[PDB]
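Asks: I have a structure here, written as structure tokens, and I will follow up with some questions on it.
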Amino acid sequence: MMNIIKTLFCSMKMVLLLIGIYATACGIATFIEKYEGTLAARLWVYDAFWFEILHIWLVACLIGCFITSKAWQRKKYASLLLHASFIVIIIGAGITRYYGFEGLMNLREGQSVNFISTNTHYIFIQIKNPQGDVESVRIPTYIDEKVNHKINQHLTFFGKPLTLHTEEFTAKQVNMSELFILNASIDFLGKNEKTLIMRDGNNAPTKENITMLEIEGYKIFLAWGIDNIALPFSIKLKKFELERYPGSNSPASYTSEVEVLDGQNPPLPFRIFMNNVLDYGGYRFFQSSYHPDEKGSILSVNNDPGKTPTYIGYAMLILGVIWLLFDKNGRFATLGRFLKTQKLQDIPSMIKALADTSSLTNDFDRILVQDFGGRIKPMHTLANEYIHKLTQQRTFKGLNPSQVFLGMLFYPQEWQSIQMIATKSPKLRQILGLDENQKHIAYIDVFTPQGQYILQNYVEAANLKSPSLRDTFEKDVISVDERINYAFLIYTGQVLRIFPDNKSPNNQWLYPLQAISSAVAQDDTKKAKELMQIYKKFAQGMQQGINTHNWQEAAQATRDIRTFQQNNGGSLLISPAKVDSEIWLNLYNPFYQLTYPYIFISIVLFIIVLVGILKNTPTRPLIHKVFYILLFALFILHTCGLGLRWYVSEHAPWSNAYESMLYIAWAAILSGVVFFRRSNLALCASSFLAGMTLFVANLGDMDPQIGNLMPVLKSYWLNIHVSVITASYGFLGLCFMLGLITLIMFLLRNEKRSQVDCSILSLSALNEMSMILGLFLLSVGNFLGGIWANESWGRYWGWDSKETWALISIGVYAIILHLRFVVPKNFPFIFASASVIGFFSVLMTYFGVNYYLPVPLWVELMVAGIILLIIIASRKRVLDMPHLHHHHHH
Ligand SMILES: CCCCCCCCCCCCCCCCCCCC(=O)O[C@H](COC(=O)CCCCCCCCCCCCCC)COP(=O)(O)OCCN
Ligand code: HEB
């Protein structure tokens, strides 16, 4: 009966302590991860028995706390669903612990492989009992080099049980032989002995057949290394392939094209692009690496039956959050009701010579060109995309993208010294030099004084391992290699994919040069000279134009080009009206500009409402009318622009990732405008959500902008995830601000102006509401990351830097909220203190981890002020939170 459990003291008082213990453990894990720099941290905490008991303790106490609170006598269903989920989540992780297979699969031509090779290391012990039997055991013993654990496993049953010990990693490798030597001792009745292990290479234990001991009942077999597991079906390669970028002989994309077969089930072919996955059984396969002989490829493999229950838990959690945010008698709506109750050829001047014309651009935008992905495009968009992926700036020093495109084409050697290419990490620039706080590099910078492309070796080594989770640097090298190859393609004309190779579609659409040299010269063509003199006139007029500025000869040349394409292309020839309309859209669309107002308006309305409640009198409805009218105007403009988007582009609002989040922002601002011509803060929140979603979506088309043949980060899950996390941190910052304001106000009250106490209560309520929103959004967000990882790059959630700390933020804010039930009185001041203090978890997750993947006394200057403020303000902390009052009272 529960009376004993009450003497176990399972109640909020203890649930808080368990959550705090879990948080501090998952935190300290980060520091030991750094200092040990290895899996040793997982040895101490993540996989230790600590959690394997603490999670059960937690679940049981949750159950007990709901029982003692009689949560099911009251109806309260939405909150039940919420804590119902976490139980499902944790039990799912639990099952994932025991049944989570893992390993690597070595696919090779004509091999017909059956074995997974595990990355989990193991030691092996076997004894041929005098009965010549096979008693065997496998012990994990996951040491590598930074940790050398004393084994304590002593099991066998043919006779007097085995006992074993490990001493020291006395390895002597020379890389001609992989001598991972290690010394150990073994015990048997009257026959204890000392031994050497010498683990073999990570490929497979075969040489470790040492056979250290022989006597029947004493014969022994020891090994240390990887084990293998057999699938129920065979796999083989059809033909591996690895394309190169032409300008660097560097790898572009992997392709497997494998086959699956069984002894009676006929073979099934299957295809795997570098981002694709195979699923035939419970197993799932991720292509992750290729052997440098380029005749075999490695697949990452996982099986985890815990997936479906955990997904059910995620769905339950989403539904619970959405339901609780509106269910009356929920704390959020109840605080809302409380609030409502109380209320040659040099660079300089070439930029000008390009910019101040626009005449050619007005028509060269109108040419039709291929992306060589397979899609025709109007020039403006292709050049926009190329310039945007080279320079992440929406615009350069000048030169609307088409202008810089022409410039790089026909004044190349100058732009070759311009710092176009963007680079993130300073480590990469450390190879190229000039390691200031630079944002860009020049194309010349990547070459030796000789013709050597210097980054080639770094990238060639990195791409072989980059597809998995990796250091930033391992991503930056390949991104910059891609951008460099694209700039090479922009040079020497290999992007001006104008001329069709045949009158019938048969579309390849050749370059300028090899068009003349090949198809044009090879085939009769006749249009040879025409095309020759057309392109030559183009080049001549352009190279003259920088001098004369009345270069319209290139404009007539462009008319010639367009007429040629018009009378040489087939049905692929888009109508001129549609081309004009597409460019017209790409210029006029609002979604770039609209990022700022949705934020600014929300903040400016929020601050004035804050000034209102700080003096406890309500704001005149005049401002409500004004700002609702402004939101209405922005909404009308946005809706019409989005409708025009749908009208011009057939992208079917179940569209590309970019437009989908535009529709989500539309929905958010709509919810704002339609249902809430009642309360200003609803406009604030709705506009802020729409603004954040819009900004993240627009950014999602800037950096991930496609070039050719490479995939990008357009996955719906990742975009939603980033947007949610950003909004959550915004809400949490607002919480921090409000709490700090409460702490300051506590200084002011002197019993002469009791109104400030009603203001205190109002602010505490608003802060708690905003923190509830923050916590719910952060909860959903953090798990969307685990969803994304599971379906994109690999296994699942995994104890990882910044992930544990997002979990710590969740944990701390959970502590803060339920806290209500523990602390008996003076809730306002307590809550203000905690709301300010807990912000450091978000600050960690956002900035600090990037330092701690030291004494920056800036943080000391911050925390000392916070501490002294709390100190002094505590002197007058006596207030309470009733829910029925007016005027002098709340
Ligand atoms: C259909 C099949 C039916 C089978 C039969 C019925 C079911 C029997 C079930 C038996 C279950 C026995 C075990 C129960 C206790 C296990 C508790 C620990 C579970 C756990 O740690 O899971 C981790 C998963 O990661 C995680 O992500 C854990 C989730 C996150 C942990 C915290 C929970 C979510 C956040 C909210 C917590 C509370 C908020 C405040 C903190 C494992 O680790 P791993 O993934 O590395 O495993 C791969 C290792 N090779
Ligand atoms: C998501 C996040 C979160 C988390 C993590 C949590 C976690 C928790 N939690 Fe929670 N909760 C929550 C969120 C939360 N939570 C909310 C939102 C609520 C609602 C409030 C009210 O309604 O009151 C609650 C509520 C609640 C309550 C109250 C209800 C009644 O009626 O009584 C309790 C007791 C609890 C406990 C708890 C515990 C023990 C734990 C550990 C696991 N919670």
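All residue names refer to the structure tokens as shown: chains lettered A, B, ... in order, residues numbered from 1 in each chain, ligands numbered from 1 in order.
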Compute the set of protein, DNA and RNA residues whose minimum atom distance to ligand 2 is at most 7 Å, using only C-alpha atoms and all ligand atoms, and state it as a PyMOL selection string.
Replies: chain A and resi 12+15+19+58-59+61-62+65-66+69+71+76+79+82-83+86+330-331+772+775-776+779+810-811+814+818
Asks: Could you go through stretch 583-693 of chain A and tell me which residues DSSP, when run on the backbone, assigns to alpha helix (DSSP H), listing them as a PyMOL selection string?
Replies: chain A and resi 583-588+595-614+621-648+657-675+680-693
Asks: Hey, which residues sit close to ligand 1? Say within 8 Å, counting only C-alpha atoms and all ligand atoms, and write them as a PyMOL selection string.
Replies: chain A and resi 19+22-23+46-47+51-56+86+89-98+100-102+305-306+308-309+786+796-799+807-808+810-812+814
Asks: Could you please take those selected residues and save N, CA, C and O atoms as a compact mmCIF listing (two decimals), in the first residue's frame?
Replies:
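As a result, out39.txt now contains:
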# COMPACT_ATOMS: atom_id res chain seq x y z
N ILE A 19 15.65 14.59 -10.40
CA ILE A 19 15.91 15.31 -11.64
C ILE A 19 17.22 16.09 -11.53
O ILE A 19 18.00 16.14 -12.49
N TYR A 22 20.11 13.65 -11.95
CA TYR A 22 20.26 13.26 -13.34
C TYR A 22 20.90 14.38 -14.15
O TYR A 22 21.80 14.13 -14.97
N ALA A 23 20.48 15.62 -13.91
CA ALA A 23 21.02 16.75 -14.66
C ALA A 23 22.50 16.95 -14.35
O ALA A 23 23.32 17.12 -15.26
N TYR A 46 27.14 7.41 -18.81
CA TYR A 46 26.01 7.22 -19.71
C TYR A 46 25.53 5.78 -19.74
O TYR A 46 24.32 5.53 -19.80
N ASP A 47 26.45 4.82 -19.71
CA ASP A 47 26.09 3.40 -19.77
C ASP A 47 26.26 2.70 -18.43
O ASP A 47 26.08 1.48 -18.35
N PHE A 51 22.18 5.21 -14.28
CA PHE A 51 20.92 5.51 -14.96
C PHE A 51 20.04 4.28 -15.02
O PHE A 51 18.81 4.38 -14.88
N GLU A 52 20.64 3.10 -15.21
CA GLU A 52 19.87 1.88 -15.32
C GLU A 52 19.04 1.60 -14.08
O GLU A 52 18.13 0.77 -14.13
N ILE A 53 19.33 2.26 -12.97
CA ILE A 53 18.47 2.21 -11.79
C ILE A 53 17.68 3.50 -11.61
O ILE A 53 16.52 3.47 -11.19
N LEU A 54 18.30 4.63 -11.93
CA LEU A 54 17.70 5.93 -11.65
C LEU A 54 16.47 6.17 -12.51
O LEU A 54 15.50 6.79 -12.05
N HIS A 55 16.47 5.69 -13.75
CA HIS A 55 15.30 5.87 -14.60
C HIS A 55 14.10 5.11 -14.05
O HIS A 55 12.98 5.62 -14.08
N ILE A 56 14.33 3.91 -13.53
CA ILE A 56 13.23 3.14 -12.94
C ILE A 56 12.72 3.85 -11.70
O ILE A 56 11.51 3.97 -11.47
N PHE A 86 6.18 10.58 -21.27
CA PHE A 86 7.54 10.39 -20.77
C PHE A 86 7.78 8.97 -20.30
O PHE A 86 8.88 8.43 -20.50
N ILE A 89 8.43 7.06 -23.34
CA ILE A 89 9.74 7.41 -23.89
C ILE A 89 10.84 6.65 -23.17
O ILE A 89 11.72 6.03 -23.80
N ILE A 90 10.82 6.70 -21.84
CA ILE A 90 11.90 6.10 -21.07
C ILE A 90 11.90 4.59 -21.22
O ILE A 90 12.95 3.97 -21.38
N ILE A 91 10.72 3.96 -21.17
CA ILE A 91 10.70 2.51 -21.32
C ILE A 91 11.18 2.12 -22.71
O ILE A 91 11.81 1.06 -22.90
N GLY A 92 10.93 2.97 -23.70
CA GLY A 92 11.41 2.68 -25.04
C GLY A 92 12.92 2.73 -25.12
O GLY A 92 13.56 1.85 -25.71
N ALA A 93 13.50 3.73 -24.49
CA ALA A 93 14.94 3.80 -24.46
C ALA A 93 15.46 2.55 -23.78
O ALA A 93 16.43 1.95 -24.23
N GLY A 94 14.81 2.15 -22.69
CA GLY A 94 15.22 0.95 -21.97
C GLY A 94 15.32 -0.26 -22.88
O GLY A 94 16.34 -0.94 -22.91
N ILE A 95 14.25 -0.54 -23.62
CA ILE A 95 14.29 -1.70 -24.52
C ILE A 95 15.36 -1.51 -25.58
O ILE A 95 16.02 -2.47 -26.00
N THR A 96 15.56 -0.27 -26.02
CA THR A 96 16.60 0.02 -27.00
C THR A 96 17.97 -0.31 -26.45
O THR A 96 18.89 -0.65 -27.21
N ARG A 97 18.14 -0.22 -25.13
CA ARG A 97 19.40 -0.62 -24.51
C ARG A 97 19.70 -2.08 -24.80
O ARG A 97 20.80 -2.43 -25.26
N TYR A 98 18.76 -2.96 -24.50
CA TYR A 98 19.04 -4.40 -24.63
C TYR A 98 18.99 -4.98 -26.04
O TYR A 98 19.66 -5.97 -26.32
N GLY A 100 19.45 -3.15 -29.05
CA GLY A 100 20.05 -2.27 -30.04
C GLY A 100 21.31 -2.77 -30.72
O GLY A 100 22.41 -2.32 -30.37
N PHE A 101 21.19 -3.69 -31.68
CA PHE A 101 22.36 -4.13 -32.42
C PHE A 101 23.03 -2.95 -33.12
O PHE A 101 22.42 -1.90 -33.34
N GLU A 102 24.30 -3.14 -33.47
CA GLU A 102 25.05 -2.13 -34.20
C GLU A 102 26.24 -2.78 -34.90
O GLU A 102 26.70 -3.85 -34.49
N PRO A 305 14.32 -2.24 -32.08
CA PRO A 305 12.86 -2.36 -32.04
C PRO A 305 12.20 -1.32 -31.17
O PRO A 305 10.97 -1.18 -31.23
N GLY A 306 12.97 -0.58 -30.38
CA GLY A 306 12.41 0.47 -29.55
C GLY A 306 11.93 1.67 -30.33
O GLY A 306 11.39 2.60 -29.72
N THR A 308 9.39 2.21 -32.65
CA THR A 308 7.97 2.51 -32.75
C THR A 308 7.37 2.95 -31.42
O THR A 308 6.57 3.90 -31.41
N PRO A 309 7.68 2.32 -30.28
CA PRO A 309 7.12 2.83 -29.02
C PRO A 309 7.59 4.24 -28.71
O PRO A 309 6.80 5.06 -28.23
N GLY A 786 16.32 14.11 -32.35
CA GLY A 786 16.46 12.66 -32.34
C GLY A 786 15.69 12.01 -33.47
O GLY A 786 16.14 11.01 -34.04
N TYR A 796 20.13 7.14 -33.74
CA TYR A 796 19.09 7.71 -32.89
C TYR A 796 19.68 8.82 -32.05
O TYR A 796 20.83 9.23 -32.27
N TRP A 797 18.92 9.32 -31.08
CA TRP A 797 19.51 10.07 -29.98
C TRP A 797 20.81 9.39 -29.54
O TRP A 797 20.92 8.17 -29.55
N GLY A 798 21.78 10.21 -29.15
CA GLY A 798 23.00 9.69 -28.58
C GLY A 798 23.65 10.72 -27.69
O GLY A 798 23.80 11.88 -28.09
N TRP A 799 24.06 10.32 -26.50
CA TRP A 799 24.75 11.24 -25.62
C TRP A 799 25.77 12.01 -26.44
O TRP A 799 26.77 11.44 -26.87
N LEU A 807 19.10 18.90 -22.89
CA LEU A 807 18.35 18.12 -21.92
C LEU A 807 18.45 18.73 -20.52
O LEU A 807 17.49 18.68 -19.75
N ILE A 808 19.61 19.30 -20.19
CA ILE A 808 19.78 19.96 -18.90
C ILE A 808 18.89 21.19 -18.80
O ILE A 808 18.35 21.50 -17.74
N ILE A 810 15.97 21.52 -20.35
CA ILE A 810 14.65 20.95 -20.08
C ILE A 810 14.52 20.59 -18.61
O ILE A 810 13.52 20.91 -17.96
N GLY A 811 15.54 19.93 -18.06
CA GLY A 811 15.45 19.48 -16.68
C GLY A 811 15.36 20.62 -15.69
O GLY A 811 14.56 20.59 -14.76
N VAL A 812 16.19 21.64 -15.88
CA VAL A 812 16.19 22.77 -14.96
C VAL A 812 14.85 23.49 -15.00
O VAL A 812 14.28 23.83 -13.96
N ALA A 814 12.03 22.24 -15.86
CA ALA A 814 11.05 21.38 -15.22
C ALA A 814 11.11 21.52 -13.71
O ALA A 814 10.08 21.62 -13.04
Asks: Rank A:426, A:739, A:704, A:296 by their smallest atom-to-atom distance to residue A:769, using only C-alpha atoms, and report the top residue only.
Replies: A:739
Asks: DSSP on the backbone: what in stretch 53-243 of chain A comes out strand (DSSP E), as a ChimeraX atom specification?
Replies: /A:101-108,113-126,136-139,163-168,183-187,193-196,221-237,241-243
Asks: Which one is closest to residue A:485: A:365, A:245, A:258, A:289? Count only C-alpha atoms.
Replies: A:245
Asks: Just want the 7 Å neighbourhood of stretch 205-217 of chain A, counted on only C-alpha atoms, with same-chain residues fewer than 4 positions away dropped. Output as a ChimeraX atom specification.
Replies: /A:128-130,199-200,221,223,225-226
Asks: For atom CA of residue A:801 and atom CA of residue A:852, quote the distance in Å rounded to one decimal.
Replies: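 Separation of atom CA of residue A:801 and atom CA of residue A:852: 9.3 Å.
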Asks: Rank nothing, just name the residue among A:616, A:492, A:649, A:448 nearest to residue A:339, using only C-alpha atoms.
Replies: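 Smallest separation from residue A:339 among the options: A:616.
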Asks: Which residue gives the smallest distance to residue A:260 among A:557, A:599, A:816, A:107, with only C-alpha atoms counted?
Replies: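 Residue with the minimum atom-to-atom distance to residue A:260: A:107.
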Asks: Write out as a count of residues only which residues come within 8 Å of stretch 575-583 of chain A when counting only C-alpha atoms, dropping same-chain ones fewer than 2 positions away.
Replies: 11
Asks: For stretch 270-285 of chain A, list every protein, DNA or RNA residue within 8 Å, evaluated using only C-alpha atoms, and leave out those in the same chain fewer than 6 positions away; present the list as a ChimeraX atom specification.
Replies: /A:253-260,299-305,711,792-793
Asks: Mind giving me the straight-line distance from atom CA of residue A:7 to atom CA of residue A:820 in Å, one decimal?
Replies: 22.1 Å
Asks: Taking only C-alpha atoms into account, name the residue in A:536, A:75, A:802, A:340 that is nearest to residue A:327.
Replies: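 Residue with the minimum atom-to-atom distance to residue A:327: A:75.
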Asks: Applying 9 Å and only C-alpha atoms, which residues near stretch 862-872 of chain A remain after dropping the ones on its own chain fewer than 4 positions away? List them as a list in words.
Replies: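 Counting only the stated atoms, we get residues 740, 743, 744, 747, 833, 836, 837, 857, 858 and 876 of chain A.
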Asks: For residue A:87, which residue out of A:692, A:312, A:669, A:683 is the nearest one, using only C-alpha atoms?
Replies: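 Using only C-alpha atoms, the shortest distance to residue A:87 belongs to A:312.
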Asks: Write out as a VMD selection string the residues lying within 8 Å of residue A:373, counting only C-alpha atoms and excluding same-chain residues fewer than 2 positions away.
Replies: chain A and resid 370 to 371 375 708 to 709
